[PDB]
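Below: the structure, in structure tokens.
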RNA sequence: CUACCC
RNA sequence: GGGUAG
Ligand SMILES: Nc1ncnc2c1ncn2[C@@H]1O[C@H](COP(=O)(O)OP(=O)(O)OP(=O)(O)O)[C@@H](O)[C@H]1O
Ligand SMILES: [Ca+2]
Ligand SMILES: [Ca+2]
């Protein structure tokens, strides 16, 4: 207690300065008003000077006009909550009508014209509130569109009005150009990349007018990009903006554009990581059913929320026990989750996207300075995002020496909540100190315990998903004979006992039905708990009247609507979302629960444009109803990819393309073109002359030309494609070639495998003198294997890796290949493998069928090269089921040696390095899987595994030749585990070749046979392989060359020399659309052609039908049309503010699916699920339908994008 | 169901 | 068979 706290508020609501900074400036003023504020005047600029270490990121932008005189601004702070308040506005605006009176176009002028006032806010707020930049533009006619407050633009035209100047200002605000025309270039900034890319190109070995033409062409695009001229006008992007003016009378002069916090940079701060350090300095001085509550900390930046959250961490660790960027502190009764919410806009991208919803936020306010002017925006953020309960806490209460003064700070927060319809009179307010609590002051540590004691009561217990009224999203439908109709999908909320009545609501009049039975895979239970994958039976209702996306809920719990209001976040350019904004008639599909549903929207009053990376309110009105209530996390699919997300906010009352064109295209799509002889050979020959290289003369040289390994990377890249492009051309006329040669090698695949299987059974050679290198690695391999593998494949990882998948089995064929035609049909087992199948029968109540039991598998031949074929082996369906099982555990486990099989990036990436480093060598064996003998497989594997590999393998096979064979090879190609085993075998050996030669085994990577190791180890590894059966492919193992290849990426001195093969006889336009495309990608860098190859491209582009030349799609979307600039495409229909394009699609007539097998497969998937920006967890797998490939070509419409 | 590939 | 984009 000092002087009276009465007229200290007189020093507040006459100034607005800090709480204690009044009384302390009043104690040094001797009970006077004036001279106290005269202190604050000078001792407030000192504080303003302290604001230099406060980096300002947020801000506003302001614009204003008079006649035809425009002006922009960039006055900015460091928080959203400030910029949106009625205070930063009163200042920012007032310094923008100061630029109207006088054309103040010099930042330094107005920066000082308001300095005595600029401090009057920071003393009242406490942020580095400083004006940044200002500029004005004059011209004939000038308009200005402003995006909310984040971006403002000024553009001056000539022949235009609000119908135009606003629209292109919307383009300046959207497409962000830096110049007006391709002419606006400093020759220095141009001859920068004209000289910097010359090296790029000339180093590769491109003649003058190649590299020059390419670079000029690329920079012609590079300049074209920033060119406001050549830039697809945002509103109608078919045409460039420069094209719009010429078509329009008009001609713009110039343009100004500001985005807040542009070039500000600085370093991003993460709340969660930091508090770990706030806690650390203070450190050194059963019941898992407890509810989860999402709390958040909201308040001033300098009021130390981050100090409080540390106290609520460490003091909560002193008693009971202690999305990223959130802490996870506990309490005796509950389990919390505590986020920091500093950005208004970057919290709506958390409530909406659901990355961090809210169950009740905590209101941190320093008691030394009371509530700040921007507190009414914090509290606003609460009652505008729908936070249930707000808990207030006075931080730093020791700085007040009078409780009569502290009581009066409550009057400034209790009434600040009453204005925002919060229980101000009945809200909890803890007066404490966090900094004191970080120390050991338990007198103050009771305050954190007082606050933490209020989350335990004031905040309501979250209705555990079990207790919420029943609901199950229908994910699929099956009509089983003897089961009526069953639907599946993980039940979202509630319990379903068998017999209870439910409602099927989705699109049709909501129908009602009783639950006959609820079941899983292994169990056929009776009650269905929430958050479990099940299948519920329905009586008196069949398949025809249950669509997907429908829900299966308790009657009268959830109603179907089609017109609601909602808020959505749009994914930015750097989030996969559309790198183009959209306007009024945006028509996407709203992916709800399981199904997708199209529909229109609208904008709330006054917004006309929304960009990628925005929050926005809207009124969604979809096509046909879906069952809903507020809180449905719905995403926003555009053509199968999601570009938005959102939550339904409140639900309301409820309520161009050329078809002829696609039919024209479809007709030409089926047009079979015709060529005088071999088209491919001509395309490839006429391509060789495009490169100076000598063309093929006969049809033999297509697969007998050996490329030289020297010259520029250009002298190689094309000389290499020559040798490779033809290789797989199956239709070779005078080819005396066969598929029988494939069998001839398969003979040696066992003949070699026999000679090794036999000889690899005598570890003692004759006596004890000699010591071989092969045996040595085997010994080491063997020990290495088992430390990584185990004694026997645990049934834990056995059952939950086995799966029915692929196509062909000895029982089935390519037609009956889907996983549903495996549960439906009786698949064949094998003598030893029976015991497993029986276990599966004992694993469930469903039917497990074995037709024959035989130890045979069909040996066939799949097309491979033009000089040879393959010899894959079709395995029995039950062996394959378990083979894929072990291959999944023997895969995941093979990741500890750093080998990733479902990511072959990490193997062609190291083929890159080796093409330069010359230390990494790529190795290819000759017949990988077929050369792996039973002998070697036996010596290495643990005998437990070596049995699980002997039970599941097919020991005998039957050829087309009638003749049978017993497999010397432990397993052939097509076998359900061989790929993993061969990877592990080779990797095992490769590592043993490393440690034996004093070298890192962790420098070894193996992808099947595509193995990569230290170059030194090569002659050892090669001699190891000579022993252990295998044989290296001199032609495809590279150790000393400038060239390396791996996982289908070839490299020459770090340059990309990946060729492309011409495969089947080119005939239908589909085959030529594709070929042109590969040659497009192989010869282009960002829409810029290699001129030489561009000739034969345009030349054979003529071969295609008329319409089938102007039909282009951006690369990455397939080969349904030629790849080109889609901005061009005539066919491209702009529907619903989204570009739609027609492309060639293989035509299919549907076939009836095995309802039995598909259902059994559907609940088998939901057993392998259970035992196994940040929101693709709103999506799931598709239902089962079979479609036979006809022969026709249909045309499907898809979604596309710019670049 | 369509490219690429071990 | 298997990876990987549609
Ligand atoms: N249809 C297939 N079924 C099973 N495995 C296959 C198939 N196609 C390729 N592979 C796998 O790719 C690996 C590498 O194949 P690669 O193309 O090197 O043929 P290779 O059989 O190893 O001998 P070659 O060098 O003579 O082709 C093989 O070990 C094999 O396991
Ligand atoms: Ca090989
Ligand atoms: Ca290989």
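Our numbering is plain: 1 for the first residue shown, then up by one each step along the chain.
How was it done? The header gives X-ray crystallography, 3.2 Å.
Note: Cβ is positioned from N, Cα and C throughout, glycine not excepted.
The domain 'RdRp catalytic' annotation in Swiss-Prot covers A:909-1041. The Mg(2+) 1 binding site annotation in Swiss-Prot covers A:924, A:1009, A:1010. Swiss-Prot lists A:924, A:1009, A:1010 with the feature Mg(2+) 2 binding site.
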Around the Cβ of residue A:1010 (Mg(2+) 1 binding site), the count of other Cβ atoms that are within 10 Å: 23
Surrounding CB atoms that lie within 10 Å of the CB of residue A:1009 (Mg(2+) 1 binding site), all protein chains: 21
Helix, strand or coil at residue A:924 (Mg(2+) 1 binding site) [DSSP, three-state]: coil
Residue distribution over DSSP helix, strand and coil in the domain 'RdRp catalytic' (A:909-1041): 63 helix, 23 strand, 47 coil
Binding-site residues close to ligand 2 - of A:924, A:1009, A:1010, only those whose C-beta is under 6 Å away: A:924, A:1009
CB within-chain contacts under 8 A for residue A:924 (Mg(2+) 1 binding site), separation at least 6: A:1009, A:1010, A:1032, A:1033, A:1036, A:1037
Endpoint distance, Cα to Cα in Å, for the 3-residue gap that opens after residue A:285 and closes at residue A:286: 31
Interval of 19 unresolved-in-model residues, reported as the Cα distance (Å) from residue A:655 through to residue A:656: 22
Unmodelled stretch of 21 residues - C-alpha distance in Å from residue A:322 to residue A:323: 18
Modelling gap (17 residues), residue A:1172/residue A:1173 Cα distance, angstrom: 23
